[PDB]
């Protein structure tokens, strides 16, 4: 049981000491002399100068140690983009195919470019192809400016920045930037921000010139059997020589009390004594620049997930569970502390809606996070298999080999190290214990986002709230007693969207099936019945692991269904859109689309029939009918509603009356009751399928 960073470092040294075992004969041709660097910006060119640095990397200024001759950056800043807050809880990683090398749509496995990498300080490196950049020295000073300013940003933005304890976290983030800078220099970096590829294109042009500048012996050595230059080899070395200098400009801003720590294969403690992340100590305390990018990134992803999850949960606790301050709420937004409870009062607006707002958000993050953990898990397998399979060579092989030689042969053994990370391990509560080998619990929706205990809670002076049993029994029950038209139960099954199915798949398979329209559908068999003055719904097929609550109110259920309907309606309108396009364009694949929609459409039509069947078992007062409940919900949720529906405003004020059914509520003297938004939305969507069905027919 060791940390993933400690292990990846231990493997890294074995690679580093292998590089320095051999004494480079051409070392002096690749070692850069800072003082010797030549830079020319727009003003420098205007005024007719060539700026040089002094000895100190710590006295480097972007206004003079840059080649930036562009219009956009007149300030000549190394950080010029969305490089504002990388440690933000809402800062996103990138896992798609377009902006990553090796990540391709087809293969489900993908590496995740952390926010910190996405916004590195290399805008000055986009300027490397020019008449003044032709030496090992020039290049170093460019890497040196980048390292300084990037190292600055990390220190003046870090969460541990003001921390009372040890500032170890700052060094760790620098080590991450250092390694990423290295992979950039080397040509090894996988992030492709734009097809322009200016750092990499320029970085090529520099090394081509460095190569010609070399001696015949050195040129012959850094060459390919065909005579061509082994630019790859040239570049990995240039990094090994210069890396000490790159670590100085980086740690140039690091605080006195920040020290890079790491443990040995045995368990020996390695620390940077002098301080400032080992700034005045020479040789770097890190070997992370000798760890493949993917692993560094995965270890970063895990460590940031664990960190932000603590922030996210705390924001959820703030709106849903602060018993010390008489706070207790449902994820369906109801104050459980209340004497007279809003959760069984169907027409009543919701008290505590900030809780529901927090839960929806938290859930959406945890599922974004889950998708990333799935993608990376698959790539770790793709990479750990690749080493045994391929006979030929690539730079990473040697590392992945060693990893398999340690117990970390498979994903499960490695995910154990991810659990042991500084942030992931730090939990004195087994409620929020992180086990990446238990994706179910670790990617679960918070326990604070559960429905109110049906009877409510009564808070105490002691700083906690207690679950009351059969609370306020028959108190003001005389009023709703006459409003009970049917006390029999009503059973129906509902097709809830469970998108956590693409990932987790082996664990879910049994309970969640993928539909045509969704990569996950959860069939919930409900029994709704009026007991006392509260209509409770029981989940027949209840599974704690996958379903949140066993018992809910009918009001809670309706709104869940209504949330789900809109979502599904949106998805449907989306999948049917190319076929619906007015132009009489024949498409074969369109037939299977409309059939899919009809599959979901019909299910819901059948679903709602049963839900109205339960609604009508109670009287809420004339005009306080389901058509009005549907409007009330759609009004109070105008954001979501506008994203799903085409013209809500015309629908909201649409008066269509239908046959008055068996529905006890219909007390209208032979008059026909008005169609609800749900029924009109379905019956409208239907006509759209009927059109498509006959617009792609043989």
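Numbering follows the first chain given and starts at 1.
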{"item": "Which of 58 to 66 and 633 to 641 has higher mean CA B factor, as the PDB entry lists it", "value": "633 to 641"}
{"item": "Per the entry, higher mean C-alpha B factor between 451 to 459 and 339 to 347", "value": "451 to 459"}
{"item": "Highest recorded Cα temperature factor - choice among 167, 208, 321, 438", "value": "167"}
{"item": "Out of 523, 240, 473, 510, highest CA B-factor residue", "value": "473"}
{"item": "Position of residue 187 among the chain's modelled residues by C-alpha B-factor, lowest, middle or highest third", "value": "lowest"}
{"item": "Third of the chain, ranked by Cα B-factor, where residue 466 sits", "value": "highest"}
{"item": "Third of chain Cα B-factors occupied by residue 623", "value": "lowest"}
{"item": "CA B-factor ranking of residue 172, expressed as a third of its chain", "value": "middle"}
{"item": "Ranked against its chain, the third holding the CA B-factor of residue 29", "value": "lowest"}
